[PDB]
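Before any questions on binding or motion, here is one chain by itself as structure tokens, the form deposited without adenosine-5'-diphosphate (ADP).
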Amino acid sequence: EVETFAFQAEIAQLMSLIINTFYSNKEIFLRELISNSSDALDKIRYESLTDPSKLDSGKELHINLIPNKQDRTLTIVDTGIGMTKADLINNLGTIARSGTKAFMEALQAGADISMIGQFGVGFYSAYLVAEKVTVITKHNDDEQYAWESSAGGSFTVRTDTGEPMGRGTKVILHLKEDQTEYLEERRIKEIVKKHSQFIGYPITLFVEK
């Protein structure tokens, strides 16, 4: 049972701008998704300080980066707080209408796309490199859900009967054909070292057979 929703018009406009602006510095998508994972891990850590049972769904707080050249996917997995169904539908827990407005104005005034995370809508930078994005998420207060979009103005949500996650968020980037450099170990390592060196959780880059 799959539900299809329209993006709010401002979010569709954000996505179109990310997809159709000429902008070479695409590697910042990974910094922005790792930043979102760090923020989600901080949230479950803070809740655990007063209620240790919040970690019954998994004590380890960390980030995995999983390239798969056969499937052409890069997956960013975290064991943070996760999202409810309502959060997914409401722009993946962001204030994206207001953040898009501000970002648009900042671009007009001379900012560039790499500054997206200052506007709270860094998730959508995934569309610099991905033709389709799938988000699998599990919050202590909800069931496991899958959100997916190939842009074009709509997204889907379904209950996920895939491999159970425990708690957290997994962002699966189905890469554009010309963006396969982001599956190469040396390239991923270089980007994590350049932009994510002060993230306070382990970031494990998986190896391929």
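A residue's number is simply how far along the shown sequence it sits, counting from 1. Only residues modelled in both forms are compared. C-alpha atoms forming the largest set that superposes within 1.5 Å between two forms make up the rigid core.
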Stretch with the higher entry mean CA B-factor, where the candidates are 98-106 and 132-140: 98-106
172-180 versus 155-163 - which carries the larger mean C-alpha B factor in the record: 155-163
Per the PDB entry, maximal CA B factor within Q70, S150, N64, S35: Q70
Chain thirds of CA B-factor: placement of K59: highest
For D112, the third of its chain into which the C-alpha B factor falls: highest
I44 - which third its CA temperature factor falls in, relative to the rest of the chain: middle
B-factor third for the C-alpha atom of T75 within its chain: lowest
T84 - which third its CA temperature factor falls in, relative to the rest of the chain: middle
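There is another form of this protein, the form deposited with adenosine-5'-diphosphate (ADP) bound, and it is not shown here; the text below is about that form.
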Site status for adenosine-5'-diphosphate (ADP) placed as in the bound PDB entry, C-alpha superposition, 2.4 Å backbone or C-beta test: blocked
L92: touches adenosine-5'-diphosphate (ADP) in the bound PDB entry, heavy atom cutoff 4.5 angstroms: yes
4.5 Å heavy atom contact, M83 and adenosine-5'-diphosphate (ADP) in the bound PDB entry: yes
adenosine-5'-diphosphate (ADP) contact in the bound PDB entry: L175, any heavy atom under 4.5 Å: no
is_contact(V121, adenosine-5'-diphosphate (ADP)) in the bound PDB entry, heavy atom dist at most 4.5 Å: yes
Contacts with adenosine-5'-diphosphate (ADP) in the bound PDB entry - residues in 39-56 whose heavy atoms fall within 4.5 Å: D39, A40
Out of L92, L74, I136, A126, the residue that alone shifts its CA by 2 Å or more between this form and the one not shown when the rigid core is the reference: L92
Shift in CA distance, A130 and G93, in the bound PDB entry relative to the form shown here, given it is 3 Å or more: closer
Closer or farther in the bound PDB entry, the Cα atoms of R45 and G93, when the shift from this form is 3 Å or more: farther
Shifted regions of at least three residues between this form and the one not shown, judged by C-alpha displacement of 2 Å or more after core alignment: 91-97, 104-112
